[PDB]
Each structure stands twice: as structure tokens, then as C-alpha cells.
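K.L.:
Residues in the sequence shown are numbered from 287 upward in steps of one, following the deposited numbering. The beta-carbon is built from N, C-alpha and C at its ideal position, and this holds for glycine as well. Encoded as C-alpha cells, here's the structure I'll be asking about.
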Amino acid sequence: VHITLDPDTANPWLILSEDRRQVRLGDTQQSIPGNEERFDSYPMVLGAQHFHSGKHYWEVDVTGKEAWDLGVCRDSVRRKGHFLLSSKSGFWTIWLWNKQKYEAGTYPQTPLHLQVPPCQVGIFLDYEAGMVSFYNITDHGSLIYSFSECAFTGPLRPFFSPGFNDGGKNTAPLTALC
Ligand SMILES: CSc1ccccc1-c1ccc(C(=O)N(C)CC2(F)CCCCC2)c(S(C)(=O)=O)c1
């Protein structure tokens, strides 16, 4: 129930808090040991938990960030090199990036029109239903987007990115909310 970030998966540009509930962009590619699970080309990290069934929920503070990506991914997603975050490649995510532009990771991408920019985002997974939904905590829990008919067959993982290094313009953390 209590999501924790998995240091073995974390790109070396990421700083994880000791309690593994916060991740942020660092200023220098750290010199952490290597291992097959680590995202080597993007500032990405997984939650340690693996879901095979059930409903599951977590919540992330994004206050003060100009860019981030949140969602769920297959355990089997590739870790090394470059790739696109498509449902075919095993990703169900939403993101914030450019001039305050929110998008859902469909092909083609789906612009999301959020009158109230979220300070916290809820992520709700229902394995058996094939559903991942995103809630705008700041706008009283309004539905941002839902992926349906996901037809999961393998284990799933919480997926996070605090954005891209931009010169300290995006050092605010993602924080998992109790
Ligand atoms: C470090 S992740 C991050 C962190 C903060 C904000 C944004 C992102 C981020 C979102 C989507 C992509 C991506 O896959 N695309 C845009 C392609 C596509 F639209 C192609 C059509 C299917 C959906 C995905 C990428 S990426 C891997 O290209 O850098 C990065």
C-alpha cells in the first residue's frame, strides 16, 4: 500500500530521499553502481511494488514543477536506451511539459485542458478492470484522464519522472503523499 521509489531503477541524475518517498533532479550524474534495472537515458524511476491484481492508489505532489510524467508501466519495459512512452511499449502515463501543457500518452497524444493546474495528482490502478485513472487533487478530485481496456497480463509498476534537467528550473521534487 505504501509506495516507495526503487533506487535500483533510478537514473543517476535523480536524487532519492532516504525514506524513498521523494525524487528530484540533481545537478551532477551521480556515480552509483550499475545494474540491469536502471533507466540509463531518461530521469525515470519505478516504485518498488509490483502489482498483479487488485485496485491500488497513490498520490504525488508536483507543486512548483514545470515538467513531470506520472503513471504505471509494465515490469518488462526496456530500461536502457531511448524509447517512446506509448501504451504499446507498456506505458500508461500523463505528463506536464512545455508552456504549461498537459497531455495523456495516447497516439496521437491527447491534450488535457486543466482549468485548475494540479498541485497533487492521484493515480488509481484497477488491474482486473484494465483501468488507470488520474485525479486532480487540487480541483476536488476531478478526473483528468482514464485509460481503459488496458488488458494487463503481466506485473505492473508505479512510474515516475521529475522532468528533464533544464538548469535548476525544475529542481522541485515529486513527493509521494501519505
Ligand atoms: C523523462 S519522461 C517526461 C518527463 C516529463 C515530461 C514529459 C516526459 C515525456 C513524455 C512523453 C515522452 C514521449 O514518449 N513522447 C512525447 C512520445 C509520444 F507522444 C508518442 C505517442 C505515444 C505517447 C508518447 C517523452 S520522451 C521518452 O519521448 O522523452 C517524455
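Take the Cβ of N422 as the centre, count every other Cβ of all protein chains shown within 10 Å, and call the residue buried at 16 or more, exposed below.
P.N.:
By the neighbour-count rule (16 or more Cβ atoms within 10 Å), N422 is buried.
K.L.:
How big is the Cα-Cα spacing for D347 and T290?
P.N.:
The alpha-carbon atoms of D347 and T290 are separated by roughly 14 Å.
K.L.:
Do the region 409 to 428 and the region 319 to 329 make contact, defined as three or more Cβ pairs closer than 8 Å?
P.N.:
no
K.L.:
Have a look at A296 and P329 and give me their C-alpha separation to the nearest angstrom.
P.N.:
7 Å
K.L.:
Which stretch, first to last residue, makes up the beta strand (DSSP E) that contains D452?
P.N.:
Per DSSP, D452 belongs to no beta strand (DSSP E) and is neither H nor E.
K.L.:
Ligand 1 and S339: does the residue's C-beta get closer than 6 Å to at least one heavy atom of that ligand?
P.N.:
no
K.L.:
Could you tell me if the beta carbon of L370 falls within a distance shorter than 6 Å of some heavy atom in ligand 1?
P.N.:
yes
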